[PDB]
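The file data_15.cif comes next; it holds mmCIF, C-alpha atoms and all ligand atoms.
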```
data_model
#
loop_
_atom_site.group_PDB
_atom_site.id
_atom_site.type_symbol
_atom_site.label_atom_id
_atom_site.label_comp_id
_atom_site.auth_asym_id
_atom_site.auth_seq_id
_atom_site.Cartn_x
_atom_site.Cartn_y
_atom_site.Cartn_z
ATOM 1 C CA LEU A 11 -15.447 6.280 -19.349
ATOM 2 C CA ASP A 12 -17.630 3.258 -20.061
ATOM 3 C CA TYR A 13 -17.385 1.256 -16.845
ATOM 4 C CA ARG A 14 -19.330 -1.624 -18.325
ATOM 5 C CA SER A 15 -17.069 -2.217 -21.360
ATOM 6 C CA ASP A 16 -14.964 -5.375 -21.896
ATOM 7 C CA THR A 17 -11.838 -3.177 -21.946
ATOM 8 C CA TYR A 18 -12.569 -1.468 -18.646
ATOM 9 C CA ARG A 19 -13.667 -4.706 -16.948
ATOM 10 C CA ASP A 20 -10.536 -6.530 -18.121
ATOM 11 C CA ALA A 21 -8.223 -3.841 -16.689
ATOM 12 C CA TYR A 22 -10.330 -3.626 -13.529
ATOM 13 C CA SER A 23 -9.999 -7.383 -12.974
ATOM 14 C CA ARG A 24 -6.271 -6.913 -12.461
ATOM 15 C CA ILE A 25 -6.348 -3.564 -10.648
ATOM 16 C CA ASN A 26 -9.056 -4.742 -8.274
ATOM 17 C CA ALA A 27 -7.203 -8.020 -7.660
ATOM 18 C CA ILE A 28 -4.050 -6.064 -6.735
ATOM 19 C CA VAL A 29 -5.880 -3.943 -4.182
ATOM 20 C CA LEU A 30 -7.547 -7.053 -2.696
ATOM 21 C CA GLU A 31 -4.264 -8.933 -2.448
ATOM 22 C CA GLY A 32 -2.644 -5.894 -0.856
ATOM 23 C CA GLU A 33 -5.397 -5.754 1.741
ATOM 24 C CA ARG A 34 -5.282 -9.504 2.338
ATOM 25 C CA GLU A 35 -1.525 -9.276 2.944
ATOM 26 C CA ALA A 36 -1.945 -6.202 5.163
ATOM 27 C CA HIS A 37 -4.459 -8.098 7.290
ATOM 28 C CA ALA A 38 -2.147 -11.107 7.574
ATOM 29 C CA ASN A 39 0.886 -8.929 8.280
ATOM 30 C CA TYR A 40 -0.761 -6.955 11.067
ATOM 31 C CA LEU A 41 -1.787 -10.282 12.646
ATOM 32 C CA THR A 42 1.818 -11.511 12.384
ATOM 33 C CA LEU A 43 2.953 -8.332 14.107
ATOM 34 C CA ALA A 44 0.284 -8.711 16.798
ATOM 35 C CA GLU A 45 1.543 -12.230 17.525
ATOM 36 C CA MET A 46 5.144 -11.023 17.848
ATOM 37 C CA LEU A 47 4.246 -7.918 19.894
ATOM 38 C CA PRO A 48 1.611 -9.054 22.380
ATOM 39 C CA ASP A 49 1.798 -5.853 24.392
ATOM 40 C CA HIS A 50 0.632 -4.050 21.209
ATOM 41 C CA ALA A 51 -1.773 -6.735 20.021
ATOM 42 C CA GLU A 52 -4.974 -4.752 20.503
ATOM 43 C CA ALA A 53 -3.840 -1.878 18.281
ATOM 44 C CA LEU A 54 -2.401 -4.235 15.665
ATOM 45 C CA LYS A 55 -5.507 -6.408 15.590
ATOM 46 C CA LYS A 56 -7.651 -3.279 15.100
ATOM 47 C CA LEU A 57 -5.475 -2.366 12.076
ATOM 48 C CA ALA A 58 -5.895 -5.892 10.747
ATOM 49 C CA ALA A 59 -9.666 -5.607 11.174
ATOM 50 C CA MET A 60 -9.711 -2.261 9.367
ATOM 51 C CA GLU A 61 -7.816 -3.868 6.427
ATOM 52 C CA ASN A 62 -10.452 -6.559 6.286
ATOM 53 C CA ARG A 63 -13.252 -3.934 6.144
ATOM 54 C CA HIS A 64 -11.406 -2.266 3.271
ATOM 55 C CA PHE A 65 -11.040 -5.637 1.527
ATOM 56 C CA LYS A 66 -14.816 -6.082 1.722
ATOM 57 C CA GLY A 67 -15.324 -2.602 0.336
ATOM 58 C CA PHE A 68 -13.104 -3.177 -2.689
ATOM 59 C CA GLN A 69 -14.739 -6.596 -3.254
ATOM 60 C CA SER A 70 -18.087 -4.763 -3.473
ATOM 61 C CA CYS A 71 -16.631 -2.419 -6.079
ATOM 62 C CA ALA A 72 -15.789 -5.426 -8.260
ATOM 63 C CA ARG A 73 -19.209 -6.979 -7.668
ATOM 64 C CA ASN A 74 -20.836 -3.650 -8.674
ATOM 65 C CA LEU A 75 -19.074 -3.802 -12.070
ATOM 66 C CA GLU A 76 -19.570 -7.571 -12.444
ATOM 67 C CA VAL A 77 -15.822 -8.093 -12.425
ATOM 68 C CA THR A 78 -14.063 -11.242 -11.212
ATOM 69 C CA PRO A 79 -10.637 -10.363 -9.753
ATOM 70 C CA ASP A 80 -7.569 -11.934 -11.386
ATOM 71 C CA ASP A 81 -6.117 -13.475 -8.233
ATOM 72 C CA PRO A 82 -3.163 -15.374 -9.786
ATOM 73 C CA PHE A 83 -1.972 -12.162 -11.389
ATOM 74 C CA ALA A 84 -2.145 -10.293 -8.079
ATOM 75 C CA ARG A 85 -0.407 -12.990 -6.053
ATOM 76 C CA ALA A 86 2.552 -12.896 -8.495
ATOM 77 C CA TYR A 87 2.536 -9.078 -8.499
ATOM 78 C CA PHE A 88 3.121 -8.998 -4.721
ATOM 79 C CA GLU A 89 5.359 -12.079 -4.403
ATOM 80 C CA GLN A 90 8.689 -10.294 -4.099
ATOM 81 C CA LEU A 91 7.540 -7.559 -1.680
ATOM 82 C CA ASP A 92 5.578 -10.088 0.428
ATOM 83 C CA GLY A 93 8.571 -12.334 0.572
ATOM 84 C CA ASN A 94 10.700 -9.479 1.890
ATOM 85 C CA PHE A 95 8.147 -8.760 4.629
ATOM 86 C CA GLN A 96 7.952 -12.418 5.678
ATOM 87 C CA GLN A 97 11.741 -12.792 5.703
ATOM 88 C CA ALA A 98 12.093 -9.653 7.798
ATOM 89 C CA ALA A 99 9.581 -10.917 10.302
ATOM 90 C CA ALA A 100 11.501 -14.234 10.390
ATOM 91 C CA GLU A 101 14.659 -12.359 11.351
ATOM 92 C CA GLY A 102 12.838 -10.228 13.923
ATOM 93 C CA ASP A 103 13.625 -7.241 11.695
ATOM 94 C CA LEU A 104 10.599 -5.242 12.718
ATOM 95 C CA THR A 105 12.156 -2.109 11.215
ATOM 96 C CA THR A 106 11.877 -3.544 7.711
ATOM 97 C CA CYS A 107 8.390 -4.846 8.424
ATOM 98 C CA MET A 108 7.199 -1.401 9.480
ATOM 99 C CA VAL A 109 8.859 0.301 6.528
ATOM 100 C CA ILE A 110 7.288 -2.078 4.031
ATOM 101 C CA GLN A 111 3.793 -2.110 5.490
ATOM 102 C CA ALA A 112 3.304 1.224 7.222
ATOM 103 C CA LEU A 113 5.360 3.496 4.935
ATOM 104 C CA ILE A 114 5.927 2.096 1.473
ATOM 105 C CA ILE A 115 2.709 0.139 0.886
ATOM 106 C CA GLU A 116 0.628 2.654 2.778
ATOM 107 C CA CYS A 117 1.872 5.660 0.770
ATOM 108 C CA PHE A 118 1.642 3.739 -2.499
ATOM 109 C CA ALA A 119 -1.937 2.659 -1.800
ATOM 110 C CA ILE A 120 -3.107 6.112 -0.738
ATOM 111 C CA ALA A 121 -1.482 7.611 -3.845
ATOM 112 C CA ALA A 122 -3.233 5.121 -6.072
ATOM 113 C CA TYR A 123 -6.545 5.653 -4.312
ATOM 114 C CA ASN A 124 -6.256 9.412 -4.660
ATOM 115 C CA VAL A 125 -5.592 9.148 -8.383
ATOM 116 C CA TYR A 126 -8.477 6.698 -8.823
ATOM 117 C CA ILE A 127 -11.094 8.734 -6.921
ATOM 118 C CA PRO A 128 -11.688 11.421 -9.613
ATOM 119 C CA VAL A 129 -12.111 8.786 -12.357
ATOM 120 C CA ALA A 130 -13.886 6.079 -10.368
ATOM 121 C CA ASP A 131 -17.479 5.083 -11.010
ATOM 122 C CA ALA A 132 -19.718 6.699 -8.352
ATOM 123 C CA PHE A 133 -20.088 3.547 -6.229
ATOM 124 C CA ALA A 134 -16.344 2.903 -6.110
ATOM 125 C CA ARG A 135 -15.668 6.612 -5.635
ATOM 126 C CA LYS A 136 -17.696 6.580 -2.400
ATOM 127 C CA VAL A 137 -16.005 3.392 -1.153
ATOM 128 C CA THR A 138 -12.480 4.586 -2.012
ATOM 129 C CA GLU A 139 -13.064 8.004 -0.408
ATOM 130 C CA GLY A 140 -13.976 6.236 2.818
ATOM 131 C CA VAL A 141 -10.888 4.004 2.644
ATOM 132 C CA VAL A 142 -8.608 7.021 2.181
ATOM 133 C CA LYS A 143 -10.318 8.896 5.013
ATOM 134 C CA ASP A 144 -9.769 5.847 7.212
ATOM 135 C CA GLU A 145 -6.084 5.684 6.356
ATOM 136 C CA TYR A 146 -5.610 9.386 7.097
ATOM 137 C CA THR A 147 -7.480 9.257 10.413
ATOM 138 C CA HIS A 148 -6.437 5.975 12.041
ATOM 139 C CA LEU A 149 -3.285 5.196 14.075
ATOM 140 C CA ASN A 150 -0.365 4.481 11.813
ATOM 141 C CA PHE A 151 1.290 2.072 14.224
ATOM 142 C CA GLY A 152 4.394 1.433 12.143
ATOM 143 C CA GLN A 153 5.113 5.100 11.492
ATOM 144 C CA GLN A 154 4.889 5.888 15.197
ATOM 145 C CA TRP A 155 6.963 2.806 16.057
ATOM 146 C CA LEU A 156 9.762 4.018 13.810
ATOM 147 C CA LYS A 157 9.515 7.642 14.920
ATOM 148 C CA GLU A 158 9.831 6.668 18.602
ATOM 149 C CA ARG A 159 12.988 4.655 17.780
ATOM 150 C CA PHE A 160 14.489 6.922 15.102
ATOM 151 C CA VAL A 161 18.076 7.117 16.322
ATOM 152 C CA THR A 162 18.359 3.338 16.694
ATOM 153 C CA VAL A 163 16.408 2.292 13.583
ATOM 154 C CA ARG A 164 17.388 4.956 11.041
ATOM 155 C CA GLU A 165 20.064 2.870 9.333
ATOM 156 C CA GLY A 166 17.665 -0.064 9.122
ATOM 157 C CA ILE A 167 15.038 2.200 7.548
ATOM 158 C CA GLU A 168 17.560 3.218 4.902
ATOM 159 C CA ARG A 169 18.405 -0.437 4.235
ATOM 160 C CA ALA A 170 14.707 -1.357 3.951
ATOM 161 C CA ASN A 171 14.128 1.546 1.578
ATOM 162 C CA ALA A 172 17.020 0.495 -0.655
ATOM 163 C CA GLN A 173 15.681 -3.097 -0.774
ATOM 164 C CA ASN A 174 12.005 -2.294 -1.330
ATOM 165 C CA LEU A 175 11.515 1.083 -3.012
ATOM 166 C CA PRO A 176 12.753 -0.328 -6.384
ATOM 167 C CA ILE A 177 10.193 -3.120 -6.129
ATOM 168 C CA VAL A 178 7.419 -0.328 -5.840
ATOM 169 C CA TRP A 179 8.530 1.174 -9.044
ATOM 170 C CA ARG A 180 8.598 -2.134 -10.871
ATOM 171 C CA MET A 181 5.075 -2.850 -9.617
ATOM 172 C CA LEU A 182 3.804 0.512 -10.800
ATOM 173 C CA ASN A 183 5.375 0.091 -14.215
ATOM 174 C CA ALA A 184 3.878 -3.379 -14.546
ATOM 175 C CA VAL A 185 0.308 -2.064 -14.423
ATOM 176 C CA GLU A 186 0.752 1.098 -16.533
ATOM 177 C CA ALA A 187 -1.464 -0.109 -19.347
ATOM 178 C CA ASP A 188 -4.275 -1.004 -16.947
ATOM 179 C CA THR A 189 -4.076 2.278 -15.013
ATOM 180 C CA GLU A 190 -4.247 4.011 -18.401
ATOM 181 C CA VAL A 191 -7.529 2.214 -19.210
ATOM 182 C CA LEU A 192 -8.883 3.401 -15.840
ATOM 183 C CA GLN A 193 -7.768 6.947 -16.774
ATOM 184 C CA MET A 194 -5.304 7.038 -13.904
ATOM 185 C CA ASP A 195 -2.125 8.902 -14.777
ATOM 186 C CA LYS A 196 0.956 6.907 -13.666
ATOM 187 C CA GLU A 197 2.925 10.095 -13.116
ATOM 188 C CA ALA A 198 0.289 11.404 -10.720
ATOM 189 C CA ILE A 199 0.702 8.204 -8.701
ATOM 190 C CA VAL A 200 4.518 8.661 -8.662
ATOM 191 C CA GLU A 201 4.216 12.245 -7.479
ATOM 192 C CA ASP A 202 1.596 11.563 -4.818
ATOM 193 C CA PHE A 203 3.567 8.551 -3.574
ATOM 194 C CA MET A 204 6.823 10.485 -3.219
ATOM 195 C CA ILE A 205 5.363 13.591 -1.594
ATOM 196 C CA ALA A 206 3.600 11.409 1.008
ATOM 197 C CA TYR A 207 6.664 9.241 1.586
ATOM 198 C CA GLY A 208 8.794 12.344 2.144
ATOM 199 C CA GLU A 209 6.260 13.763 4.580
ATOM 200 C CA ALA A 210 6.196 10.445 6.497
ATOM 201 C CA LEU A 211 9.971 10.062 6.552
ATOM 202 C CA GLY A 212 10.327 13.640 7.728
ATOM 203 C CA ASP A 213 7.866 12.985 10.545
ATOM 204 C CA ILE A 214 9.983 9.992 11.607
ATOM 205 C CA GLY A 215 12.966 12.372 11.769
ATOM 206 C CA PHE A 216 14.743 12.324 8.393
ATOM 207 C CA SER A 217 16.253 15.436 6.801
ATOM 208 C CA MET A 218 15.983 16.636 3.202
ATOM 209 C CA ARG A 219 19.396 15.187 2.482
ATOM 210 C CA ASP A 220 18.349 11.860 3.951
ATOM 211 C CA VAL A 221 15.167 11.605 1.863
ATOM 212 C CA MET A 222 17.044 12.576 -1.293
ATOM 213 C CA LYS A 223 19.517 9.786 -0.625
ATOM 214 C CA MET A 224 16.620 7.309 -0.172
ATOM 215 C CA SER A 225 15.007 8.409 -3.442
ATOM 216 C CA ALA A 226 18.321 7.841 -5.273
ATOM 217 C CA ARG A 227 18.358 4.240 -3.956
ATOM 218 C CA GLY A 228 14.915 3.653 -5.446
ATOM 219 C CA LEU A 229 16.451 4.326 -8.830
HETATM 220 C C1 LIG B 1 -11.523 -1.451 -6.556
HETATM 221 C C2 LIG B 1 -10.157 -0.887 -6.834
HETATM 222 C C3 LIG B 1 -9.654 0.435 -6.220
HETATM 223 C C4 LIG B 1 -8.566 0.875 -7.211
HETATM 224 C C5 LIG B 1 -7.567 1.897 -6.693
HETATM 225 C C6 LIG B 1 -6.402 2.035 -7.678
HETATM 226 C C7 LIG B 1 -5.404 0.877 -7.583
HETATM 227 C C8 LIG B 1 -4.215 0.919 -8.545
HETATM 228 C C9 LIG B 1 -3.105 -0.082 -8.102
HETATM 229 C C10 LIG B 1 -2.244 0.300 -6.860
HETATM 230 C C11 LIG B 1 -1.869 -0.879 -5.923
HETATM 231 C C12 LIG B 1 -1.603 -0.620 -4.415
HETATM 232 C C13 LIG B 1 -2.499 -1.461 -3.475
HETATM 233 C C14 LIG B 1 -1.992 -1.948 -2.084
HETATM 234 C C15 LIG B 1 -3.186 -2.121 -1.132
HETATM 235 C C16 LIG B 1 -2.888 -2.296 0.352
HETATM 236 C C17 LIG B 1 -2.577 -0.961 1.002
HETATM 237 C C18 LIG B 1 -2.820 -0.929 2.476
HETATM 238 O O1 LIG B 1 -2.896 -2.007 3.064
HETATM 239 O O2 LIG B 1 -2.917 0.183 3.053
#
```
Just give me the structure as structure tokens.
Ligand SMILES: CCCCCCCCCCCCCCCCCC(=O)O
Amino acid sequence: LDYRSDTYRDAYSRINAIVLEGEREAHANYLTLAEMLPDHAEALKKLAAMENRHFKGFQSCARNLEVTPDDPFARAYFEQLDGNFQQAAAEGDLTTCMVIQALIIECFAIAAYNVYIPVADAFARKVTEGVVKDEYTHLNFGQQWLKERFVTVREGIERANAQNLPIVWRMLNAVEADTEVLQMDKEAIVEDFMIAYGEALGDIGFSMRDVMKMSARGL
């Protein structure tokens, strides 16, 4: 890999912009949740703050490669998923909010990060390794929220999955050419994303049958 090439920098402008927009939305979304759930505001504001630290880290990765992120691209990339989060929050549908942010986006991001790490330039490797470690180690508020409420929210989780998992797949397909330039295998992202999502859904309380049904809805 030539990290300094026009080709790599062009792809990175879009991939980096996507990660930054994802982190910007995560920060905003955890602040929305903190406003709606004042008893939980300290934990949610700490998650927001962590997202902002990760944003700064990925910004430094772009600066290191002299890449300007393609922000209009990334805003459009996230528009549909972001809209579903904001509409859910508007309806007080915290179940969907948690599924989108704490399960779907979280597993998708960690999958992508894990596929990027072995092919990342050394600076970005170090930064991304710390981001992943942070995600593994810190409180996943939304996962715990859902787990604690499993019997009452399970149908809503299934609805949120059916609405939003297909959007994941479209997003992944949309950047296939750019992930290829970065030497990230799309299929590795798919596999990592699904194994993590199944582990998280199982922790919440879902069975094998249940997770298989949710995967079929993503199709
Ligand atoms: C500097 C760039 C790091 C690149 C890593 C590979 C990225 C490939 C695209 C995958 C997009 C998913 C990003 C969503 C980010 C937000 C996740 C979160 O808030 O936990």
Report, as lines of an AutoDock Vina configuration file, the centre and edge lengths in Å (one decimal) of the axis-aligned box enclosing every listed atom of ligand LIG 1 (chain B), padded by 3 Å on each side.
```
center_x = -6.6
center_y = -0.1
center_z = -2.7
size_x = 15.9
size_y = 10.3
size_z = 17.6
```
Pull the closest atom pair for each residue of chain A that gets at most 8 Å from ligand LIG 1 (chain B), along with the distance in Å to one decimal, counting only C-alpha atoms and all ligand atoms, ordering rows by chain and then ascending residue number, as a tab-separated table.
```
residue	atom	partner	partner_atom	distance
A:22	CA	B:LIG1	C2	7.2
A:25	CA	B:LIG1	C8	5.4
A:26	CA	B:LIG1	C2	4.3
A:27	CA	B:LIG1	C2	7.8
A:28	CA	B:LIG1	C11	5.7
A:29	CA	B:LIG1	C13	4.3
A:30	CA	B:LIG1	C15	6.8
A:31	CA	B:LIG1	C15	7.0
A:32	CA	B:LIG1	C16	3.8
A:33	CA	B:LIG1	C16	4.5
A:34	CA	B:LIG1	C16	7.9
A:35	CA	B:LIG1	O1	7.4
A:36	CA	B:LIG1	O1	4.8
A:37	CA	B:LIG1	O1	7.6
A:61	CA	B:LIG1	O1	6.2
A:67	CA	B:LIG1	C1	8.0
A:68	CA	B:LIG1	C1	4.5
A:69	CA	B:LIG1	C1	6.9
A:70	CA	B:LIG1	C1	8.0
A:71	CA	B:LIG1	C1	5.2
A:72	CA	B:LIG1	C1	6.1
A:111	CA	B:LIG1	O1	7.1
A:112	CA	B:LIG1	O2	7.6
A:115	CA	B:LIG1	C17	5.4
A:116	CA	B:LIG1	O2	4.3
A:117	CA	B:LIG1	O2	7.6
A:118	CA	B:LIG1	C12	5.8
A:119	CA	B:LIG1	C12	4.2
A:120	CA	B:LIG1	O2	7.0
A:121	CA	B:LIG1	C10	7.9
A:122	CA	B:LIG1	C6	4.7
A:123	CA	B:LIG1	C5	4.6
A:124	CA	B:LIG1	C5	7.9
A:125	CA	B:LIG1	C6	7.2
A:126	CA	B:LIG1	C6	5.2
A:127	CA	B:LIG1	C5	7.7
A:134	CA	B:LIG1	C1	6.5
A:138	CA	B:LIG1	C3	6.6
A:145	CA	B:LIG1	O2	7.2
A:182	CA	B:LIG1	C10	7.2
A:185	CA	B:LIG1	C9	7.5
A:189	CA	B:LIG1	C8	6.6
```
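If you count only C-alpha atoms and ignore residues fewer than 2 places along the chain from residue 228 (chain A), what sits within 6 Å of it is residues 175, 176, 225 and 226 of chain A.
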For this session: Apply the PyMOL selection byres (((chain A and resi 190) around 12) and not hetatm) to the structure shown and report the selected residues as a VMD selection string.
Result: chain A and resid 11 17 to 18 21 to 22 25 125 to 126 129 182 to 189 191 to 199
For this session: Can you pull out every residue within 12 Å of residue 107 (chain A), counting only C-alpha atoms, but drop anything in the same chain fewer than 5 positions away, and send it as an MDAnalysis selection string?
Result: chainID A and resid 36 39:40 42:43 46 91:102 112:115 151:153 155:156 163 166:167 169:171 173:174
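Distances to residue 216 (chain A) were evaluated for A:172, A:161, A:181, A:204 using all atoms listed in the file, and the minimum falls at A:161.
Straight-line separation from CA of residue 219 (chain A) to CA of residue 159 (chain A): 19.6 Å.
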